[PDB]
Structure formats: structure tokens, C-alpha cells
Amino acid sequence: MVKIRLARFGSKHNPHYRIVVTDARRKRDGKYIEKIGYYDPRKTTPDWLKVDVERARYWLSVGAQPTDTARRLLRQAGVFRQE
Amino acid sequence: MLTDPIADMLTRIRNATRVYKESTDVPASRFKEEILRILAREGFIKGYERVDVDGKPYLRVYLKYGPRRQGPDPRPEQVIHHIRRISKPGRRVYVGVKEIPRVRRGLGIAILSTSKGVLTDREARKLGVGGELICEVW
Amino acid sequence: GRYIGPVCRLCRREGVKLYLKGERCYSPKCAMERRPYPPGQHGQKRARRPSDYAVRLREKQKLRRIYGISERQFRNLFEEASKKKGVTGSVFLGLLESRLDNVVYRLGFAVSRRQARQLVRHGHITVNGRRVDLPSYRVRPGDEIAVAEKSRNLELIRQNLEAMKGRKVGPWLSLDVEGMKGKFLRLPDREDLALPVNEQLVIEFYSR
Amino acid sequence: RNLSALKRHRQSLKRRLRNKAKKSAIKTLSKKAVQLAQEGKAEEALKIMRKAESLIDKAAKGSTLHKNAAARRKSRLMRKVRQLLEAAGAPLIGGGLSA
Amino acid sequence: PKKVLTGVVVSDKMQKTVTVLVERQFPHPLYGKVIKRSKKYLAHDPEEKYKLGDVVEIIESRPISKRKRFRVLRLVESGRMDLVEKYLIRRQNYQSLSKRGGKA
Amino acid sequence: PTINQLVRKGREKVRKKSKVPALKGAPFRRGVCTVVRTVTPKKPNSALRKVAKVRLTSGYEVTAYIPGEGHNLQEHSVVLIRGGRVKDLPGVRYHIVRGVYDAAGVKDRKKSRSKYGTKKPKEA
RNA sequence: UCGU
RNA sequence: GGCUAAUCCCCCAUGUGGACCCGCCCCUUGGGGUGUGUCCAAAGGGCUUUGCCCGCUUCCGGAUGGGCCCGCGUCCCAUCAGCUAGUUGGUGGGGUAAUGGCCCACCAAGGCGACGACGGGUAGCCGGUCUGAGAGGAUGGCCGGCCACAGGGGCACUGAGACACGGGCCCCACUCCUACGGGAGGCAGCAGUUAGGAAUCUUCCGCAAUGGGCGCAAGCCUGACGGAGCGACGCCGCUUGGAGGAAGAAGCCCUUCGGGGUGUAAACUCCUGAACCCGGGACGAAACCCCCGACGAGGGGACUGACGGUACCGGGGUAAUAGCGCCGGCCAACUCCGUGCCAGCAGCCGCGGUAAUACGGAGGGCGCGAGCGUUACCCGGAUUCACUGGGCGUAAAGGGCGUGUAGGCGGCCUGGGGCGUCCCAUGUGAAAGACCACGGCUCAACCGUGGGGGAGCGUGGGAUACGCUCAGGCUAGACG
Ligand SMILES: [K+]
Ligand SMILES: [K+]
Ligand SMILES: [K+]
Ligand SMILES: [K+]
Ligand SMILES: [K+]
Ligand SMILES: [K+]
Ligand SMILES: [K+]
Ligand SMILES: [K+]
Ligand SMILES: [K+]
Ligand SMILES: [K+]
Ligand SMILES: [K+]
Ligand SMILES: [K+]
Ligand SMILES: [K+]
Ligand SMILES: [K+]
Ligand SMILES: [K+]
Ligand SMILES: [K+]
Ligand SMILES: [K+]
Ligand SMILES: [Mg+2]
Ligand SMILES: [Mg+2]
Ligand SMILES: [Mg+2]
Ligand SMILES: [Mg+2]
Ligand SMILES: [Mg+2]
Ligand SMILES: [Mg+2]
Ligand SMILES: [Mg+2]
Ligand SMILES: [Mg+2]
Ligand SMILES: [Mg+2]
Ligand SMILES: [Mg+2]
Ligand SMILES: [Mg+2]
Ligand SMILES: [Mg+2]
Ligand SMILES: [Mg+2]
Ligand SMILES: [Mg+2]
Ligand SMILES: [Mg+2]
Ligand SMILES: [Mg+2]
Ligand SMILES: [Mg+2]
Ligand SMILES: [Mg+2]
Ligand SMILES: [Mg+2]
Ligand SMILES: [Mg+2]
Ligand SMILES: [Mg+2]
Ligand SMILES: [Mg+2]
Ligand SMILES: [Mg+2]
Ligand SMILES: [Mg+2]
Ligand SMILES: [Mg+2]
Ligand SMILES: [Mg+2]
Ligand SMILES: [Mg+2]
Ligand SMILES: [Mg+2]
Ligand SMILES: [Mg+2]
Ligand SMILES: [Mg+2]
Ligand SMILES: [Mg+2]
Ligand SMILES: [Mg+2]
Ligand SMILES: [Mg+2]
Ligand SMILES: [Mg+2]
Ligand SMILES: [Mg+2]
Ligand SMILES: [Mg+2]
Ligand SMILES: [Mg+2]
Ligand SMILES: [Mg+2]
Ligand SMILES: [Mg+2]
Ligand SMILES: [Mg+2]
Ligand SMILES: [Mg+2]
Ligand SMILES: [Mg+2]
Ligand SMILES: [Mg+2]
Ligand SMILES: [Mg+2]
Ligand SMILES: [Mg+2]
Ligand SMILES: [Mg+2]
Ligand SMILES: [Mg+2]
Ligand SMILES: [Mg+2]
Ligand SMILES: [Mg+2]
Ligand SMILES: [Mg+2]
Ligand SMILES: [Mg+2]
Ligand SMILES: [Mg+2]
Ligand SMILES: [Mg+2]
Ligand SMILES: [Mg+2]
Ligand SMILES: [Mg+2]
Ligand SMILES: [Mg+2]
Ligand SMILES: [Mg+2]
Ligand SMILES: [Mg+2]
Ligand SMILES: [Mg+2]
Ligand SMILES: [Mg+2]
Ligand SMILES: [Mg+2]
Ligand SMILES: [Mg+2]
Ligand SMILES: [Mg+2]
Ligand SMILES: [Mg+2]
Ligand SMILES: [Mg+2]
Ligand SMILES: [Zn+2]
């Protein structure tokens, strides 16, 4: 099914992923459907994680299945925080 | 039959000026008259007037020149130094407003023909429109 | 491989005096006093009217031999300058003038640019409190260039910074001699520098 | 060597057979009703047409025909039968056709 | 939108099919001068409704056959072989350039 | 040409003819010697230039120049061609690379050494 | 005769 | 040949619904509603087992992915000019998820071409890349998108999906086993071997991270991937010292024999301190899981690092690689000796025949520097295929002349249309790259975030001077 996962974009030893919405079958760094965030595993800057939660919510509403690590990050930005 | 009257006129004018004629007649056409207007308005020529010749409508174009000069060849400077056809039957040239050329850093002009009418490169740009790039003059 | 070879011989070939030793290139010994003529078995022979290319080439060699940079890095900067907005000539001289090793020389932390280079490579210098051992590190306005505490007590750093007491500093810079600190106020203007160089000839050299 | 997923080949043959067999029936019954319809024998032509209809849908229950392959079949069948019964037919058993 | 083109019927010799010659004008990619180019289309005509000289509007349609993906959307103006003739002559022209040749 | 003419025929992009049919347009071609003659220069020169017939791996038979003071190329000498015509001997369009395979490098060569392929003398 |  | 379980297969039922035929209505190619007749459903398993979970069936929709169709665009040769019979169309049928000569039966005689058909040559196409002032030229490796292929050819089976690189069948070529009947194979996956070649790497580490498959989960698989290795192959950074001080050389090797040069240059005095089996030592990794909560939202919790003892920090600490090309002009750098149209140099012009800045060597000099040269190829300079931007009296170039076919071009006035042309709005123009800005690694290369531009095409609206077209008129061209 269509997923919400990470796509590698940094450099050697300098990873930077894109929180992406793509068909499960594509290369990971392949052609996605829509970028909805980005993540810096090493927090090299204060802005090491952003997520268009409105959009994340959209895709989930239509079947988007997040990777575990994908889900984990989305949550960290309150994609599920209904509180 | 003239093949391209606009060219014919630009040339009658080019020629007449090179020998410093006072004026020159050119077969009349609404269109040519339109061009003359800009020419006069821009001050490349004293002016022009409709006149019949042999019972046929022409446009007496009155040429204009600079002052007599020094040393040998006291011939005046031309007011119309240049003047060339751009668009031509069999190689029509059209341009968008962003493509209108800036003739001679502004010291010259370009006469386009737009659906807003025959305009100078500044007028056409002003009313934000393009069209057939008729000629160039400086 | 930053050159490394006899220096007070480049000045001789360059006609003008290039202070590439700081000290001594002042004393009655810089050679430019006795033998201002180019080096070699023909250095004294009659000169032959140089070619346009020659002029431009020598001028580029002068300006570049001053900062002791490679033709590679030198060219890189010049290209970066052509691309930047602003008169290439000046901008170029600005960038050159922003190399840390250079600024360390302008602040007097060292006699020559060559000496200032070693002082960076060996960590005796600090930008904003953090060590920077890159002679080409580009200093930006506001950055405070200093001397690592641990180096502050170095015999050389003493004689050097001492000799700077009550001594003047370029208008685009400023140094607190005591604390051994210095600030890069702003990019120097063409007017702020006074080098035996017509940078226009240089721009031309890289236009051929 | 020995990629145990040759079990797929193994299985495909069993499936091939299943499918293959279901179709034969379908084809055979259809021809049969189309044959009867034509010969004007209405009541039985429909009777069989009805079996064929059922068999076809079932074929599409699993992966034998599925899709709109079933629909085409029933369509073409109910087509030819109703028409061939234009020999004074009169849908006797009013089987599958809805006159 | 399904494409709509306008052309002349130059062929009627087919059952339920007419050949529509569509013209197109445009500045030359490198030389500028406006040049006329054209293509023949095989439009679908169920009622044999159109004949030569007929200027029609062709509409992009679901394939009716190989080499035939358009239907005659309507007539623009009737009879006028000035166009058919033109086409025909150019064709007759070919009846030359080879090993033999006419005289035209 | 008129514009109509240009639309009708257009300009013809001129093609480029190789001076080094060392085939495969490679930078170098390997070969073997046949003849190992000497040739008289042309136009206004005079000397005995060392040349060589070479059966190339590219299924080619060509004469290649043998640069340098002196050589050691025999008949079955394997060689590496590098392409470069000799302005004096019409018909010679390739040079042999001193220093490769059977072609020895010029000994006692002290200046343009990278060419002629001669290691650096152990000066001491 | 050839190259200057 | 015999026995047997199921979420295996089949029958009957239930019919939310859905499929098909016919009718009707609304829509308009096969879209949607409706009525009658007919036909079509299912699978169980797990427990914190009496309700939860995993799953099953039919239907409508969403999302993602894809098929097929169409306009326009896409190299060279016209020393390839005619091409075509499933060939063009029709009717009916077959086949498919579906349109279609896709295939078949029958009927018709059509279809295509100089706006280049047919044939030959060559070639995966693109985002882009290199070059260029631009227009343009050249190109398509790496990365992303699409296509094609999996020893060569043909074929279908199973499937939601294949006509399937590590599935199947037959033919061929080849290798292998063979008891000669007959079998077994397919690295254009990672690594490696061999051959060819001027030339292109480790039979490496890990599944820790991102991603993928199966599973309720634990977890299993993953040569995808993340890393290390080798190669100046490229780009960027960096070192071989810094500051002070002119022995000064059998010989190298200049001279007017007074001196000049290498040169502040110098294993020789002072400073710093690349290297260096010396201490500490990482981000990348917090999820799935567990518990509380309600298997939700929240909240706590074990666990897990290939890279790696690497980076980086702190300590100590040595003065510690320089080479290559060139020096007649173009083109920056000159003298001695040797050689004597020889040996040789040479990109082009040329140099060597006894004074050679051009050969070879030496001193000196110029350029660049862990590189420097060479060869090959691409763009440039080349307005030297000229659209921007060229020419043809004598330099290359007016056809021997005409006639006229296609085509290109078209006087003056008015009106309609609004194709060309121009304007507005809008959609599209993926990411990467490029440009600008800020930011992360000590800088940079490299990378991250954000920003701006944009032709072309689609849609809607508008303008009408010019070109086009239709209509009318004129007489200055033309003809009588
Ligand atoms: K013909
Ligand atoms: K019913
Ligand atoms: K669905
Ligand atoms: K869809
Ligand atoms: K589609
Ligand atoms: K048909
Ligand atoms: K570019
Ligand atoms: K391109
Ligand atoms: K291409
Ligand atoms: K799962
Ligand atoms: K250390
Ligand atoms: K030393
Ligand atoms: K001699
Ligand atoms: K010499
Ligand atoms: K070129
Ligand atoms: K002739
Ligand atoms: K002739
Ligand atoms: Mg023009
Ligand atoms: Mg600039
Ligand atoms: Mg299995
Ligand atoms: Mg049977
Ligand atoms: Mg007909
Ligand atoms: Mg000679
Ligand atoms: Mg060459
Ligand atoms: Mg040489
Ligand atoms: Mg001679
Ligand atoms: Mg049995
Ligand atoms: Mg079942
Ligand atoms: Mg119901
Ligand atoms: Mg039932
Ligand atoms: Mg149960
Ligand atoms: Mg059909
Ligand atoms: Mg059908
Ligand atoms: Mg199928
Ligand atoms: Mg066919
Ligand atoms: Mg190929
Ligand atoms: Mg150019
Ligand atoms: Mg550019
Ligand atoms: Mg690619
Ligand atoms: Mg193979
Ligand atoms: Mg095959
Ligand atoms: Mg199937
Ligand atoms: Mg397969
Ligand atoms: Mg395939
Ligand atoms: Mg394989
Ligand atoms: Mg391999
Ligand atoms: Mg080999
Ligand atoms: Mg993994
Ligand atoms: Mg995983
Ligand atoms: Mg480097
Ligand atoms: Mg000495
Ligand atoms: Mg020193
Ligand atoms: Mg010490
Ligand atoms: Mg952490
Ligand atoms: Mg609980
Ligand atoms: Mg939690
Ligand atoms: Mg795990
Ligand atoms: Mg220390
Ligand atoms: Mg010179
Ligand atoms: Mg000799
Ligand atoms: Mg001599
Ligand atoms: Mg020499
Ligand atoms: Mg050109
Ligand atoms: Mg031209
Ligand atoms: Mg010319
Ligand atoms: Mg002649
Ligand atoms: Mg001539
Ligand atoms: Mg003539
Ligand atoms: Mg005509
Ligand atoms: Mg007209
Ligand atoms: Mg016309
Ligand atoms: Mg009109
Ligand atoms: Mg329009
Ligand atoms: Mg747009
Ligand atoms: Mg983009
Ligand atoms: Mg930074
Ligand atoms: Mg940066
Ligand atoms: Mg960006
Ligand atoms: Mg529009
Ligand atoms: Mg109007
Ligand atoms: Mg009008
Ligand atoms: Mg009229
Ligand atoms: Zn000096």
C-alpha cells in the first residue's frame, strides 16, 4: 500500500531524511508522491525535525501506512496527539 | 506592383535623405501614414502631408537634417541616421512585450504594430503589448 | 604545497617590494636595496619592452605572490568574485583580505603572512573562541580573531604582540593588544588597501 | 540449486487443471444452449442457458474468469439465445431472460 | 479536452469513412517565417453524411479502427473543391518526379 | 539563400574527419613491428628518420615514428602508438611511445624526460 | 643539379 | 496402488448487494436510475475464550499503481522515389480488464508519399551535462524518471499483476554428467575468474540505521542498503616549515678576468611542532516490545552500533616528500659547450649544411605544484553552413536560354470572422541540478532548509494594427 517513510538525502556519515509519502514498491530514495517533512538524526541544528501535520493527517486519512520510525517521528510532532 | 510598400517607404526616405532632398513623395496608405505619425511625433522628420500626384494619392514626407558643418564635406548630419525593415513578407517578425527591443539604448526607436495600433517601442511597452516589429530607426 | 622557496627574489623579479618576511624587508637588507633587479644571470642586462600579456601576467603574479596563495586557490577566489555582485576588482581584493591567515597578519599577531600561516596551522589562533587551523578560513565581519590562551605565553607571540603596543591597525580591523584579541570590523574597501597592484590588469589577465 | 519456490510451479499445474476444466464445461454448455435455441427448442435451450449462466459466475467466484470476463460471456450467451429463439421461439421456461 | 480539428474532405471512397485534410500554420523553430504544414485524418462517418469540399470539425474519439481515431463532429461549410482540387493536383504532381513523369 | 530556401534546405552541419584512424578512437593503440626502416625527410630537410610498420590490434598496418636519440626496436617488437603526425614524412601520422613494452626509453635523457619515458637519474 |  | 487435515475443492441456503438479457427514464460513445426474469457469497484461527484479536464474503467509494488512445516534438543519406493485400475501410464474430485488422469470416477497393512515404545507416529517450555573450553546438557516465532486455528465437501457464533475470515448455548454439537410452545448465545481482582492450576495484564488514518481504508478535530473510578496501580518476582542504643570518662548492658551471650568477639560498645559531603500537572517546538510536492507560491519545520501560577504538577532545612531541613541462615567434623565461642538412626537434610558421637563445647537455630563468605533461574526443575562438550572423563581375559560387507545374511572395479603400500575432487569469512545468539566501561538518569540497525565475502545452477571458480568410469597392500593377 502507499506509505509514509524516510528517504535518504544527506551524505556519507551526514544523513538527512525526508519524511515522504510514496508507493511501498518504489526505491526508497526513488520518486515519491509528496514530501511532508524532514529529519536530521543527529540534530545538527535546532530545526532537526519538521512535519506538515495537516498533510500527514491527510495521507493517514486515505490509507497511508507509516514506517515504525516514520510513525515515531510523526507522533513526536503531535500527528496523533489528540489530547 | 511593389512587393512590400512599408519597405518601399522606409527606403524612399532613406534614399531622399542621402542626397538631402527637401521632401519625398510615397504612395499613400492608411498604414504608411500611421508610421509617418510616429516618425513626425518622434521628430525624425519635419512632418508629412497628403497630396495628389498625377491624380493619385501620395504622402509628401518632409525631411529634416542637422546644421551645415566644418572642414571639408559641410554636409549636415542626418536626423534619420538609420532606418531598416525588420518584419518582412516572407519572414514576419512578431514579439511579446517582454521581447520588444531597446533600440540604441533608448536613443533610437522601434515601431511595432499592435492590436492597440502602431506604437513606438516605449508606447507599446507602456500599454504592455507586443506585435509585429515593423522597423528600427535612429 | 604553498610554494616554499627563496622569497626576497620574487620581489626582485616583480620590480616592486613584496613584504614576505615582514621584518628585514625593512632593514638595509631586503636586497631591494642592493639588487632591485630581477634574479638570474640576466637580471642586470638591458630590459626588453614587455608584452601586453607580460604586463598583465606579472601584475597577477605580484598580487598573488603577496598573499602567498596557490594559483589554484587564487583563481578560485577571482572566479567567485566575478560571480558576486559588485566591482570584481575590489570584491576580489576583499575576499583575499578575508583569509584568516591574512587577517592574523593584519592584526600583527605575526610578522609575515607566511609566519601567520604557520600560526594558524599550528592552532595558535582562535576565531570566536574556537580553534581554526585553516589558513584559508574566511573571516566574516564581527568575528573576533585571537590567540589561544595556551599560546599566549609563547615567546614569539610575546615579542610580536608587544611590538604592536601603541601601533596602528587597518581601519576595517581593531585589536585589543593586552587581551590579544582582534575584530574583523568589515570588508576593506579598495581605498583601505594600498597595494602595488592595478587589479584591473588582473581582471584582464583572466579574460584572455 | 534447489529453490524450494518451484512449489509454485508445482501448484500452478494443479490450478491450470482446475481452470481448464471449468472452462470446458462453460464452453460446452453454452454451445449446447445456443444449439438448442437455434433449433427452436426453447424450454430446454433456456434450461441449459441457465446452467451455463451459473457455471460462468462461479468460474468468476475464484480466479478462473473473474473480472468482467464473466459478464461478457453471460452477455453474449443471453444475446445469442434470445435472438436465435426468433424462429417462433416464445420463451417457454422464461429461464434467465427477463422478457 | 478531446482534440477538435478542422479540415476538408478529400476522400469519400470509403464505407463510413472520410479523409479529412487538416492544415496548421506556425513560425519555423529556427527561421521564423510562418510555414504551413498539414496532415490527413481518417474520420468516422456512420451515415455517409459528408462529401468532398465539405469543411468539417474532427473530434478526438475512441478508436474506431486501426488508423482511425476521430469522428466528424460537424460541417462548417459545404462544397468547395478549391481545396480538394489543390490537394489533388499536388498529388497528381507526384505523378512525375521519378523515372518517367507527366508534363504539367 | 532566401529564408524560404533556408526553410527548404537549411544549413549543412559540416562533419569532422579524424587524423588518427587509430580506430576505437582510443588514446593509444597497441601493435607489433614489421619493417623498421629509415626514411628521407621531404620538402627542405635531410636526415635518416627512424620509422616503423606496425600491425595494430585495431587490425591496422601503419608506419609510426620512433622519436628519441636512439632505439632498440626490432621486428617483433610490441609497441604502443600514441598518434601524432611527423610534419616531414608524409604518410607518418602516429608516434611510438618510448617507455612502453618493448620500446625502451631514451637513456642518458636529462630534460624532457616524461616524454621518451626515462626514469629520473639518481643524482647524488 | 639541389637547399641558402 | 492405499490412507488423510485444513483458511484446499465442490454442492445447497441466505442476497445487504452485484452480474446478464429485455423494457422505461435521465444522461449522452459502454455514464446513471428503475422494474421483471435469471445467475453469484464466505474460513477459519488465537487467546488476558464468553468478548476481544488476526482473518473470511459481497457491494459502493478512497488512495496508490497501471493499460490503451490522441496533438505537437525527436539523427544521417534522395547516389533510397515510389510504397502497401490484413494492405485501407466495412459488417459480423473471436479475444481482452478494455478500444482497435489485435485476430478471423465475408464484402468494398481502398491507404501512404516530395510537408520525404518505402529503403539504407546510426542510436534507448528525458531531467540534465559540457561549451558558448547569446542563438547554438555537443552529449545523455554517475543520480532521478520512462522504455527495453535477461545465451539467441518462439510460446503460454499461474496469478490483482508476468508471457516472468535467480518459474515452466520447444527449437538453436555452447559447457557439463552419461552405463550412449538420456539428463543438467545460463553472474546484463554482489564479489571474483578468464578473454578482449590503452583501461576500470575487494571472492571485504554489517543488518546497527533507512527501505522492502512474511508474521498477531518475538522475529526471520534482505550482496537493496549502510560502511570499510583498492586507484591522485575528480573536486575541496592540508604538509614538506616560521623568524634571523650573503663561503662561495676538485667539479657543475658566466666573464670584458674588474667581476657577474645560483642568493638569504644553504645537513651551520633561535621558534613552532605533520608525523608518532602514548589518556579519554561519539552523534548517528529510539522505536517495534513490555507495563499503566482503553492493544487509542498520552506516559514510563529492558534491548540493539558494522562503521570503530574511527572521528573529536586533552597530553606529550620530531624540522619532517618535490616534482613535471617549458624558455625562436604565437607565448612568461637566455647564456656556455657539444653536434655540423648529421644526431635530431617540430602544434602552425619552421630549426640543424661550423658563432644554433629552436638539436643534446649544463648553469640560469618562466609556469604550475602532489602534481605536471602527452594522446584521444567535445564546445570555443570559426560571422569558417552566417536564425542571431556570410556570400556568388575578376577570389569558390548565376542554372546555356526560355516556358511554365507545385510552392514561396502580393496594390489601394471598407466590412465580417479572429487562424497567425498580442495581452490577462489559471492549470502544468516532480525530485535532483543550476541561481540567491541562511545554515551543518574547524573551512572547503559535500550537505541541509528556504526563496526566485521559467519557455512549451491545456483552459477561460480579451484586442484586431499587421499577416490570413470571406464579402464588397477602386484603378496607380497586369492584361486588352
Ligand atoms: K504514383
Ligand atoms: K431482480
Ligand atoms: K476499490
Ligand atoms: K484510479
Ligand atoms: K491513466
Ligand atoms: K469489427
Ligand atoms: K550553462
Ligand atoms: K538537449
Ligand atoms: K540526444
Ligand atoms: K504487517
Ligand atoms: K593531539
Ligand atoms: K629542514
Ligand atoms: K665546434
Ligand atoms: K639552447
Ligand atoms: K573546434
Ligand atoms: K558555368
Ligand atoms: K545543363
Ligand atoms: Mg531579425
Ligand atoms: Mg563581480
Ligand atoms: Mg511457500
Ligand atoms: Mg466438449
Ligand atoms: Mg462513402
Ligand atoms: Mg633543413
Ligand atoms: Mg597532435
Ligand atoms: Mg624539447
Ligand atoms: Mg636543404
Ligand atoms: Mg491414488
Ligand atoms: Mg476458498
Ligand atoms: Mg435490494
Ligand atoms: Mg447460492
Ligand atoms: Mg473464534
Ligand atoms: Mg469488434
Ligand atoms: Mg468487445
Ligand atoms: Mg491477464
Ligand atoms: Mg494488422
Ligand atoms: Mg545500440
Ligand atoms: Mg559562437
Ligand atoms: Mg553559461
Ligand atoms: Mg540514470
Ligand atoms: Mg552473456
Ligand atoms: Mg529469450
Ligand atoms: Mg489468469
Ligand atoms: Mg521470475
Ligand atoms: Mg518481459
Ligand atoms: Mg542470474
Ligand atoms: Mg559480477
Ligand atoms: Mg590483455
Ligand atoms: Mg536492516
Ligand atoms: Mg526493517
Ligand atoms: Mg589538492
Ligand atoms: Mg657562492
Ligand atoms: Mg628561512
Ligand atoms: Mg622544542
Ligand atoms: Mg540519543
Ligand atoms: Mg491494559
Ligand atoms: Mg509511547
Ligand atoms: Mg530490532
Ligand atoms: Mg604542545
Ligand atoms: Mg618571451
Ligand atoms: Mg651524430
Ligand atoms: Mg655552437
Ligand atoms: Mg637546448
Ligand atoms: Mg558557428
Ligand atoms: Mg543570414
Ligand atoms: Mg564568405
Ligand atoms: Mg580563374
Ligand atoms: Mg570564378
Ligand atoms: Mg547567364
Ligand atoms: Mg502559381
Ligand atoms: Mg495584401
Ligand atoms: Mg495567397
Ligand atoms: Mg479583414
Ligand atoms: Mg486567434
Ligand atoms: Mg505558464
Ligand atoms: Mg525542478
Ligand atoms: Mg559554515
Ligand atoms: Mg558552507
Ligand atoms: Mg534546494
Ligand atoms: Mg487561450
Ligand atoms: Mg473586431
Ligand atoms: Mg476586421
Ligand atoms: Mg476584392
Ligand atoms: Zn622582500
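Residues numbered from 1 in each chain as written, not as in the entry; some residues may be left out. Chains lettered and ligands numbered in written order. Part of a larger assembly, values for the part shown. Heavy atoms only, no water.

As recorded in the entry header, the structure was determined using X-ray crystallography to a resolution of 2.90 Å.

As named in the PDB entry, chain F is RIBOSOMAL PROTEIN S12, taken from Thermus thermophilus. UniProt, in its Sequence similarities section for chain F, records the words "Belongs to the universal ribosomal protein uS12 family." (UniProt positions renumbered as here; feature names shortened; annotations may be inferred.)

As annotated in the PDB entry, chain D carries the name RIBOSOMAL PROTEIN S20 and is attributed to Thermus thermophilus. Turning to chain D, the UniProt annotation filed under Subunit states: "Part of the 30S ribosomal subunit." According to UniProt, the comment filed for chain D under the heading Sequence similarities is "Belongs to the bacterial ribosomal protein bS20 family."

Visitor: Help me understand the interface of chain E and chain F, please; the structure alone is not making it clear to me.
Guide: Many structure descriptions define interface size as the accessible area lost when the parts assemble. Counting residues at the interface gives 4 residues for chain E and 6 residues for chain F. Between chain E and chain F, roughly 430 Å² of surface is buried when both sides are summed, and carbon and sulfur atoms account for 72% of that area. Looking at the side of chain E facing chain F, the largest losses of area belong to E:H28, E:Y31 and E:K33, adding up to 91% of the total buried there. Between chain E and chain F we count 0 salt bridges in total. Run the count over chain E and chain F and you get 1 residue pair in polar contact. Split by residue class, the side of chain E that touches chain F holds 2 nonpolar, 1 polar and 1 charged. (Contact = heavy atoms within 4.5 Å. Buried area = accessible area lost by both parts, 1.4 Å probe. Salt bridge = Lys/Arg side-chain N within 4 Å of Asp/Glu carboxyl O. Polar contact = N/O pair within 3.5 Å; in protein donor to acceptor, adjacent residues only side chain to side chain. Nonpolar A, V, L, I, M, F, W, Y, C, P; charged D, E, K, R; others polar.)

Visitor: Can you walk me through the arrangement of the chains in this structure?
Guide: For the 3 pairs of chains in contact, the largest share of contacts goes to chains E and F. In this view chain A stays clear of chain B, with the nearest C-alpha atoms of the two still 34 Å from each other. With no contact between them, chain B and chain D keep their nearest C-alpha atoms 54 Å apart.

Visitor: I tried to follow the sheet that holds strand β5 (residues 65–66) of chain A on my own but got confused; where do I start?
Guide: Strand pairs in the sheet, formed through backbone hydrogen bonds, run parallel or antiparallel to each other. Residues and elements named next belong to chain A. One open sheet holds the 5 strands; their spatial order is β4-β3-β2-β1-β5, and the pairing between them is mixed. Two strands close off the open sheet at either side, each with one partner strand: β4 (49–51) and β5. Both strand β2 (residues 17–23) and strand β3 (residues 34–39) contribute to a ladder of 5 bridges, which runs antiparallel. Looking at β3, one finds that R18 is bridged to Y38. Here helix α1 (residues 53–61) sits on the sheet in contact with β1 (2–8), β2, β3, β4 and β5, set at roughly 125° to β3. Contacts from helix α2 (residues 68–76) reach β1, β2, β3, β4 and β5, with the element oriented near 90° to β1. (Pairing = 2+ DSSP bridges. Helix = DSSP H or I, 4+ residues; strand = E, 2+ residues; numbered from the N terminus. Axes fitted to C-alpha atoms, helices over the stretch in contact; angles between N-to-C directions.)

Visitor: Explain the pattern of salt bridges here, please?
Guide: Side chains bearing opposite charge may pair, as long as their charged atoms lie close to each other. The full count for this structure, using the stated rule, is 36 salt bridges over all chains. Between C:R75 and C:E79 there is a salt bridge, and its shortest N-O distance comes to 3.0 Å. Placement of the pair is C:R75 and C:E79 together in helix α3 (residues 71–83), with a separation of 4 residues, close to one helical turn. Among the residues examined, C:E79 registers a relative accessible area of 27% and is labelled partly exposed. A salt bridge links E:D82 to E:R80; the shortest N-O distance between them is 2.6 Å. According to the relative accessible area criterion, E:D82 is partly exposed, its value standing at 40%. Among the ionic contacts, a cluster of salt bridges with common partners joins C:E14, C:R58 and C:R65. (Buried < 20%, exposed > 50% of the residue type's maximum accessible area, 1.4 Å probe, protein only.)

Visitor: Please clarify how the sheet that holds strand β4 (residues 55–65) of chain E should be interpreted in this entry.
Guide: Residues and elements named next belong to chain E. Taken in spatial order, the 5 strands line up as β1-β2-β3-β5-β4 and close into a barrel, and their pairing is mixed. The average angle at which neighbouring strand axes cross in this sheet is 45°, direction not considered. In this structure, strand β3 (residues 32–44) lies alongside strand β5 (residues 68–77), joined through 2 bridges in parallel fashion. Directly across from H44, in β5, lies its bridge partner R71.

Visitor: Can you walk me through the packing of aromatic side chains in this structure?
Guide: Summed over all chains, the structure comprises 12 aromatic pairs over all chains. Ring centres of B:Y20 and B:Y65 lie 5.0 Å apart, and the angle between their planes is 50°; this geometry places the pair in the tilted category. Of this pair, B:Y20 sits in the loop between α1 (5–18) and β1 (23–24) while B:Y65 is found in the loop between β3 (56–63) and β4 (84–85), placing the two residues 45 residues apart along the sequence. Ring-pair connections join several aromatic residues into one group, and the members of that group are C:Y53, C:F74, C:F78, C:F92, C:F205 and C:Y206. (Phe/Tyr/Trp six-rings, centres within 6.5 Å; stacked < 30°, edge-to-face > 60°.)

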